[PDB]
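Here is the structure we will look at.
In this note's numbering, the protein residues as written are 241 to 324.
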């Protein structure tokens with residue numbers, strides 16, 4: 241039977257392949273043997289160490305604890321107002 245109006249076939253955090261992302265999505269820096277490839281838990285794009293040196297939590301993505309992200313994602317989430 242069809243899933244209907246609702247379906248859990250939905251995916252979160254799209255990871256861009258190493259080959260598709262030969263350069264940093266954030267700073268456009270090229271990945272080399274010495275530079276390990278990484279992914280941001282928000283945008284799901286490939287980020288080098290320098291572009292993934294920041295840390296932040298993502299309560300929208302279900303991440304209540306600070307996790308590794310890139311510069312843009314760190315900011316987008318950062319757009320939210322801190323309770324006080």
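Backbone N, C-alpha and C fix where the C-beta goes; we use that ideal spot for every residue, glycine too.
Same chain only: Cβ atoms within 7 angstroms of residue i, ignoring 5 sequence neighbours per side
i, result
"residue 244", "none"
Residue i: first and last residue of the uninterrupted beta strand (DSSP E) it sits in
i, result
"residue 312", "Premise fails: residue 312 lies in the alpha helix (DSSP H), 311-318, not in any beta strand (DSSP E)."
"residue 305", "303-308"
"residue 295", "295-298"
Rounded C-alpha distance that separates residue i from residue j
i, j, result
"residue 314", "residue 308", "9 angstroms"
"residue 272", "residue 320", "35 angstroms"
"residue 270", "residue 262", "6 angstroms"
"residue 246", "residue 291", "36 angstroms"
Cβ-based neighbour list, residue i, same chain, cut-off 6 angstroms, excluding 5 preceding and 5 following
i, result
"residue 303", "297"
"residue 284", "253, 254 and 255"
Residues sharing a beta bridge with residue i, DSSP
i, result
"residue 323", "Answer is none; residue 323 lacks a bridge partner."
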